[PDB]
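Text of my_file_19.txt, listed as compact mmCIF, N, CA and C atoms:
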```txt
# COMPACT_ATOMS: atom_id res chain seq x y z
N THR R 3 -8.45 9.61 14.64
CA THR R 3 -9.81 9.09 14.74
C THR R 3 -9.97 8.18 15.95
N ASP R 4 -11.20 7.75 16.22
CA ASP R 4 -11.41 6.61 17.10
C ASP R 4 -11.02 5.32 16.37
N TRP R 5 -10.98 4.22 17.13
CA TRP R 5 -10.63 2.93 16.54
C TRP R 5 -11.64 2.50 15.49
N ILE R 6 -11.14 2.05 14.35
CA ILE R 6 -11.91 1.54 13.22
C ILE R 6 -11.65 0.05 13.12
N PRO R 7 -12.65 -0.81 13.30
CA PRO R 7 -12.41 -2.26 13.18
C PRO R 7 -12.12 -2.67 11.75
N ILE R 8 -11.19 -3.61 11.59
CA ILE R 8 -10.81 -4.16 10.29
C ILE R 8 -11.27 -5.60 10.15
N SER R 9 -10.99 -6.42 11.16
CA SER R 9 -11.38 -7.82 11.14
C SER R 9 -12.81 -8.00 11.64
N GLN R 10 -13.39 -9.16 11.32
CA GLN R 10 -14.77 -9.43 11.69
C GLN R 10 -14.96 -9.41 13.20
N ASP R 11 -14.00 -9.95 13.95
CA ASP R 11 -14.10 -9.94 15.40
C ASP R 11 -13.76 -8.58 16.01
N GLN R 12 -13.42 -7.60 15.17
CA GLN R 12 -13.14 -6.21 15.53
C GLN R 12 -11.86 -6.04 16.35
N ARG R 13 -11.08 -7.10 16.54
CA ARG R 13 -9.90 -7.01 17.38
C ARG R 13 -8.69 -6.46 16.62
N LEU R 14 -8.64 -6.64 15.30
CA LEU R 14 -7.67 -5.95 14.45
C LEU R 14 -8.31 -4.62 14.07
N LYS R 15 -7.64 -3.51 14.40
CA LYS R 15 -8.30 -2.22 14.27
C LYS R 15 -7.26 -1.14 14.02
N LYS R 16 -7.72 0.01 13.51
CA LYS R 16 -6.81 1.10 13.21
C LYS R 16 -7.44 2.45 13.54
N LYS R 17 -6.56 3.44 13.73
CA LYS R 17 -6.90 4.85 13.78
C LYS R 17 -6.20 5.54 12.62
N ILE R 18 -6.93 6.36 11.87
CA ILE R 18 -6.32 7.07 10.75
C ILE R 18 -5.62 8.30 11.29
N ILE R 19 -4.33 8.41 11.01
CA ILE R 19 -3.54 9.57 11.42
C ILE R 19 -3.59 10.66 10.36
N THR R 20 -3.30 10.28 9.12
CA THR R 20 -3.31 11.19 7.98
C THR R 20 -4.14 10.54 6.89
N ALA R 21 -5.18 11.23 6.44
CA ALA R 21 -5.99 10.69 5.36
C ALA R 21 -5.17 10.59 4.08
N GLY R 22 -5.53 9.62 3.24
CA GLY R 22 -4.79 9.38 2.02
C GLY R 22 -4.87 10.52 1.02
N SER R 23 -3.98 10.46 0.03
CA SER R 23 -3.98 11.44 -1.05
C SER R 23 -5.13 11.24 -2.03
N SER R 24 -5.73 10.04 -2.05
CA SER R 24 -6.89 9.75 -2.87
C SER R 24 -7.71 8.69 -2.15
N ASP R 25 -8.81 8.28 -2.77
CA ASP R 25 -9.65 7.20 -2.26
C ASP R 25 -9.26 5.84 -2.81
N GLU R 26 -8.18 5.76 -3.58
CA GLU R 26 -7.77 4.49 -4.18
C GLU R 26 -7.23 3.55 -3.11
N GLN R 27 -7.64 2.28 -3.19
CA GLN R 27 -7.07 1.25 -2.32
C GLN R 27 -6.39 0.19 -3.17
N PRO R 28 -5.35 -0.47 -2.65
CA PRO R 28 -4.55 -1.38 -3.48
C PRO R 28 -5.26 -2.71 -3.68
N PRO R 29 -5.32 -3.22 -4.90
CA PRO R 29 -5.90 -4.54 -5.13
C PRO R 29 -4.94 -5.65 -4.71
N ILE R 30 -5.50 -6.85 -4.53
CA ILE R 30 -4.64 -7.98 -4.23
C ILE R 30 -3.66 -8.18 -5.38
N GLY R 31 -2.43 -8.56 -5.03
CA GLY R 31 -1.38 -8.72 -6.01
C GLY R 31 -0.55 -7.48 -6.22
N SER R 32 -0.94 -6.35 -5.63
CA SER R 32 -0.16 -5.13 -5.72
C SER R 32 1.14 -5.29 -4.95
N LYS R 33 2.23 -4.78 -5.51
CA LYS R 33 3.50 -4.68 -4.79
C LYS R 33 3.46 -3.34 -4.09
N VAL R 34 3.12 -3.35 -2.79
CA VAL R 34 2.92 -2.13 -2.02
C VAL R 34 4.23 -1.74 -1.36
N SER R 35 4.43 -0.43 -1.23
CA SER R 35 5.57 0.12 -0.51
C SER R 35 5.04 0.83 0.73
N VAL R 36 5.57 0.46 1.90
CA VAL R 36 5.12 1.04 3.16
C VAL R 36 6.31 1.50 3.99
N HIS R 37 6.09 2.55 4.77
CA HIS R 37 6.96 2.88 5.88
C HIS R 37 6.22 2.52 7.15
N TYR R 38 6.93 1.95 8.12
CA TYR R 38 6.25 1.51 9.32
C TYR R 38 7.13 1.69 10.55
N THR R 39 6.48 1.77 11.70
CA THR R 39 7.13 1.70 13.01
C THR R 39 6.36 0.72 13.87
N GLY R 40 7.06 -0.29 14.39
CA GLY R 40 6.45 -1.31 15.24
C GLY R 40 6.85 -1.12 16.69
N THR R 41 5.86 -1.20 17.57
CA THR R 41 6.06 -1.12 19.01
C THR R 41 5.28 -2.22 19.71
N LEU R 42 5.75 -2.61 20.89
CA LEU R 42 4.96 -3.46 21.76
C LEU R 42 3.88 -2.62 22.44
N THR R 43 2.96 -3.29 23.16
CA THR R 43 1.89 -2.52 23.81
C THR R 43 2.39 -1.70 24.99
N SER R 44 3.65 -1.86 25.36
CA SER R 44 4.31 -0.94 26.29
C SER R 44 4.69 0.38 25.64
N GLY R 45 4.62 0.46 24.31
CA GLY R 45 5.18 1.57 23.58
C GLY R 45 6.64 1.41 23.20
N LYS R 46 7.27 0.30 23.59
CA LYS R 46 8.67 0.07 23.26
C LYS R 46 8.80 -0.26 21.78
N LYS R 47 9.57 0.56 21.07
CA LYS R 47 9.79 0.33 19.65
C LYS R 47 10.69 -0.88 19.44
N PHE R 48 10.29 -1.77 18.52
CA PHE R 48 11.17 -2.87 18.16
C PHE R 48 11.71 -2.79 16.75
N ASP R 49 11.12 -1.98 15.87
CA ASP R 49 11.55 -1.96 14.47
C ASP R 49 10.93 -0.75 13.78
N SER R 50 11.67 -0.17 12.83
CA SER R 50 11.10 0.88 12.00
C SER R 50 11.86 0.97 10.69
N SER R 51 11.12 1.02 9.58
CA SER R 51 11.75 1.25 8.29
C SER R 51 12.27 2.66 8.17
N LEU R 52 11.74 3.59 8.97
CA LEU R 52 12.24 4.96 8.93
C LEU R 52 13.65 5.06 9.49
N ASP R 53 14.01 4.18 10.42
CA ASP R 53 15.39 4.17 10.90
C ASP R 53 16.36 3.81 9.79
N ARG R 54 15.93 2.96 8.86
CA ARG R 54 16.74 2.55 7.72
C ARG R 54 16.55 3.46 6.52
N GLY R 55 15.46 4.22 6.47
CA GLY R 55 15.19 5.10 5.36
C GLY R 55 14.73 4.41 4.10
N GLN R 56 14.53 3.10 4.13
CA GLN R 56 14.08 2.38 2.95
C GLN R 56 12.70 1.81 3.21
N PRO R 57 11.70 2.13 2.39
CA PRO R 57 10.39 1.51 2.57
C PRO R 57 10.47 0.00 2.41
N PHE R 58 9.52 -0.68 3.05
CA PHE R 58 9.39 -2.12 2.93
C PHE R 58 8.37 -2.45 1.84
N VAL R 59 8.71 -3.42 1.00
CA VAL R 59 7.88 -3.79 -0.15
C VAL R 59 7.42 -5.22 0.03
N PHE R 60 6.13 -5.45 -0.20
CA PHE R 60 5.63 -6.82 -0.21
C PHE R 60 4.45 -6.89 -1.16
N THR R 61 4.09 -8.12 -1.53
CA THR R 61 2.97 -8.35 -2.44
C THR R 61 1.71 -8.58 -1.62
N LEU R 62 0.72 -7.73 -1.82
CA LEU R 62 -0.45 -7.72 -0.96
C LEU R 62 -1.31 -8.95 -1.20
N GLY R 63 -1.73 -9.60 -0.11
CA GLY R 63 -2.64 -10.73 -0.19
C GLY R 63 -1.98 -12.06 -0.45
N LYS R 64 -0.65 -12.11 -0.51
CA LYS R 64 0.06 -13.36 -0.73
C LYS R 64 0.29 -14.14 0.56
N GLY R 65 0.01 -13.53 1.72
CA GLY R 65 0.32 -14.18 2.97
C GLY R 65 1.80 -14.23 3.29
N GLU R 66 2.60 -13.32 2.72
CA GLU R 66 4.03 -13.30 2.98
C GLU R 66 4.40 -12.32 4.07
N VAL R 67 3.41 -11.65 4.65
CA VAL R 67 3.56 -10.84 5.85
C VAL R 67 2.50 -11.30 6.84
N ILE R 68 2.54 -10.73 8.04
CA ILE R 68 1.55 -11.12 9.04
C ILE R 68 0.15 -10.76 8.56
N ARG R 69 -0.83 -11.54 9.02
CA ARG R 69 -2.20 -11.37 8.55
C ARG R 69 -2.72 -9.96 8.81
N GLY R 70 -2.35 -9.37 9.95
CA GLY R 70 -2.79 -8.02 10.24
C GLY R 70 -2.29 -6.99 9.25
N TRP R 71 -1.12 -7.24 8.64
CA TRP R 71 -0.65 -6.35 7.59
C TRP R 71 -1.38 -6.58 6.27
N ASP R 72 -1.61 -7.84 5.87
CA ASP R 72 -2.38 -8.08 4.66
C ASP R 72 -3.77 -7.46 4.78
N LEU R 73 -4.45 -7.70 5.90
CA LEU R 73 -5.79 -7.13 6.07
C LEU R 73 -5.72 -5.63 6.28
N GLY R 74 -4.74 -5.17 7.05
CA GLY R 74 -4.69 -3.76 7.40
C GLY R 74 -4.33 -2.88 6.21
N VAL R 75 -3.31 -3.29 5.44
CA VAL R 75 -2.92 -2.48 4.29
C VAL R 75 -3.99 -2.51 3.21
N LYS R 76 -4.70 -3.63 3.05
CA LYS R 76 -5.81 -3.66 2.10
C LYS R 76 -6.86 -2.60 2.43
N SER R 77 -7.02 -2.26 3.72
CA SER R 77 -8.00 -1.27 4.15
C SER R 77 -7.55 0.16 3.91
N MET R 78 -6.30 0.38 3.52
CA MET R 78 -5.73 1.71 3.46
C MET R 78 -5.89 2.34 2.08
N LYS R 79 -6.05 3.65 2.07
CA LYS R 79 -6.01 4.42 0.84
C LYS R 79 -4.58 4.84 0.52
N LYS R 80 -4.34 5.14 -0.75
CA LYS R 80 -3.03 5.60 -1.17
C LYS R 80 -2.60 6.80 -0.33
N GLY R 81 -1.40 6.74 0.23
CA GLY R 81 -0.89 7.83 1.05
C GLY R 81 -1.36 7.85 2.49
N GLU R 82 -2.31 6.99 2.87
CA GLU R 82 -2.82 6.97 4.23
C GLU R 82 -1.73 6.62 5.22
N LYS R 83 -1.73 7.29 6.37
CA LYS R 83 -0.93 6.86 7.51
C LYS R 83 -1.90 6.50 8.62
N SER R 84 -1.79 5.27 9.13
CA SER R 84 -2.72 4.79 10.14
C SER R 84 -1.96 4.04 11.22
N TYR R 85 -2.62 3.92 12.37
CA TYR R 85 -2.07 3.28 13.56
C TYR R 85 -2.89 2.03 13.84
N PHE R 86 -2.23 0.89 13.89
CA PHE R 86 -2.89 -0.41 13.99
C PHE R 86 -2.58 -1.09 15.31
N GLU R 87 -3.61 -1.65 15.93
CA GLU R 87 -3.44 -2.63 17.00
C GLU R 87 -3.63 -4.01 16.40
N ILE R 88 -2.61 -4.85 16.52
CA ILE R 88 -2.58 -6.15 15.86
C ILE R 88 -2.42 -7.23 16.92
N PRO R 89 -3.51 -7.89 17.31
CA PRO R 89 -3.40 -9.01 18.26
C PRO R 89 -2.46 -10.10 17.76
N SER R 90 -1.96 -10.89 18.71
CA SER R 90 -0.98 -11.91 18.39
C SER R 90 -1.52 -12.91 17.37
N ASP R 91 -2.83 -13.19 17.41
CA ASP R 91 -3.36 -14.13 16.42
C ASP R 91 -3.49 -13.51 15.03
N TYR R 92 -3.18 -12.22 14.88
CA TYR R 92 -3.03 -11.58 13.58
C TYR R 92 -1.57 -11.27 13.29
N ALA R 93 -0.66 -11.71 14.16
CA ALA R 93 0.76 -11.41 14.00
C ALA R 93 1.55 -12.72 14.07
N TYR R 94 2.40 -12.89 15.08
CA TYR R 94 3.25 -14.07 15.16
C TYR R 94 2.73 -15.10 16.15
N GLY R 95 1.53 -14.91 16.69
CA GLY R 95 0.94 -15.95 17.51
C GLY R 95 1.77 -16.23 18.75
N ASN R 96 1.92 -17.52 19.07
CA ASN R 96 2.71 -17.90 20.24
C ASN R 96 4.21 -17.85 20.00
N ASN R 97 4.64 -17.47 18.80
CA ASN R 97 6.06 -17.48 18.47
C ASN R 97 6.77 -16.23 18.99
N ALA R 98 8.03 -16.41 19.35
CA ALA R 98 8.95 -15.30 19.52
C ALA R 98 9.74 -15.12 18.23
N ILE R 99 10.11 -13.87 17.95
CA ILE R 99 11.12 -13.59 16.93
C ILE R 99 12.34 -13.15 17.72
N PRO R 100 13.34 -14.00 17.90
CA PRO R 100 14.46 -13.66 18.79
C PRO R 100 15.07 -12.31 18.45
N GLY R 101 15.33 -11.51 19.49
CA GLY R 101 15.89 -10.19 19.33
C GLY R 101 14.94 -9.13 18.82
N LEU R 102 13.67 -9.47 18.61
CA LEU R 102 12.73 -8.51 18.03
C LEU R 102 11.42 -8.49 18.80
N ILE R 103 10.78 -9.64 18.93
CA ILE R 103 9.42 -9.74 19.44
C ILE R 103 9.31 -10.89 20.44
N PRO R 104 8.88 -10.63 21.67
CA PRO R 104 8.66 -11.72 22.62
C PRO R 104 7.47 -12.58 22.22
N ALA R 105 7.47 -13.80 22.76
CA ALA R 105 6.38 -14.73 22.48
C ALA R 105 5.03 -14.13 22.86
N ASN R 106 4.04 -14.35 22.00
CA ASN R 106 2.63 -14.02 22.27
C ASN R 106 2.42 -12.51 22.43
N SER R 107 2.89 -11.74 21.45
CA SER R 107 2.86 -10.28 21.51
C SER R 107 1.76 -9.67 20.66
N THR R 108 0.94 -8.83 21.27
CA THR R 108 0.19 -7.82 20.52
C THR R 108 1.18 -6.82 19.95
N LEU R 109 1.03 -6.46 18.68
CA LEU R 109 1.95 -5.54 18.03
C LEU R 109 1.20 -4.28 17.63
N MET R 110 1.81 -3.12 17.88
CA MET R 110 1.28 -1.85 17.41
C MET R 110 2.11 -1.37 16.22
N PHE R 111 1.45 -0.91 15.16
CA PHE R 111 2.18 -0.42 14.00
C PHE R 111 1.61 0.91 13.53
N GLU R 112 2.49 1.88 13.31
CA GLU R 112 2.19 2.99 12.42
C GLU R 112 2.60 2.54 11.02
N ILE R 113 1.69 2.62 10.05
CA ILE R 113 1.97 2.22 8.67
C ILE R 113 1.55 3.35 7.75
N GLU R 114 2.45 3.75 6.85
CA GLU R 114 2.14 4.71 5.80
C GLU R 114 2.20 3.95 4.48
N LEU R 115 1.09 3.94 3.75
CA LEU R 115 1.01 3.30 2.44
C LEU R 115 1.49 4.31 1.40
N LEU R 116 2.73 4.14 0.92
CA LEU R 116 3.34 5.17 0.09
C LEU R 116 2.85 5.12 -1.34
N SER R 117 2.76 3.92 -1.90
CA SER R 117 2.51 3.71 -3.32
C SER R 117 2.36 2.22 -3.53
N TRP R 118 2.00 1.85 -4.75
CA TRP R 118 2.06 0.45 -5.14
C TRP R 118 2.15 0.38 -6.66
N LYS R 119 2.47 -0.82 -7.14
CA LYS R 119 2.49 -1.06 -8.57
C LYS R 119 2.07 -2.49 -8.88
```
In structure tokens, what does this structure look like?
Amino acid sequence: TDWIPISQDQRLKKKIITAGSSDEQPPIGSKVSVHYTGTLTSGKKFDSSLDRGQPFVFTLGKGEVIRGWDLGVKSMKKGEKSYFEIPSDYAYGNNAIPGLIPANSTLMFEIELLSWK
């Protein structure tokens, strides 16, 4: 698709790669399971759960992941695979994550919402 804005300022946005298996979206408090691939805006991959083969699990809306993931995954339907542009103020801000993410990074993510409970 073309870019779909998620945040009010439209700077957090996604393109749907694969439409979901249903129209269901996860409520806050859901323990969601996702597969993801993270890249810098150069296209350089820094992390992927597919390399490990284990989905990543977090509780939606708790603020225990970056804001762009809480907002972005809330926008997803069950089974959806989408591509997100996540500005630094929706990610790690001015922080570096040593060995992973340079300071002040826009992050790109492919995220597949596998399931939740």
Task: Distance in Å - CA of residue 15 in chain R versus CA of residue 59 in chain R - done: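 One can read the CA of residue 15 in chain R to CA of residue 59 in chain R distance as 21.7 Å.
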Task: For range 106-113 of chain R: contacts at 9 Å, only C-alpha atoms, fewer than 4 positions along chain excluded, given as number ranges by chain - done: R: 19, 36-43, 45, 75, 82-98
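The two atoms in question, CA of residue 32 in chain R and CA of residue 99 in chain R, are spaced 26.7 Å apart.
For the pair CA of residue 8 in chain R and CA of residue 69 in chain R, the interatomic distance is 11.4 Å.
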Open item on the list: I need the residues of chain R that end up classed as helix (DSSP H, G or I) by DSSP on the backbone, written out as number ranges by chain.
Closed with: R: 51-54, 69-76, 90-92
Task: Nearest-residue call for residue 103 in chain R, choices R:34, R:23, R:28, R:48, using only C-alpha atoms - done: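 Among the listed residues, the smallest separation from residue 103 in chain R belongs to R:48.
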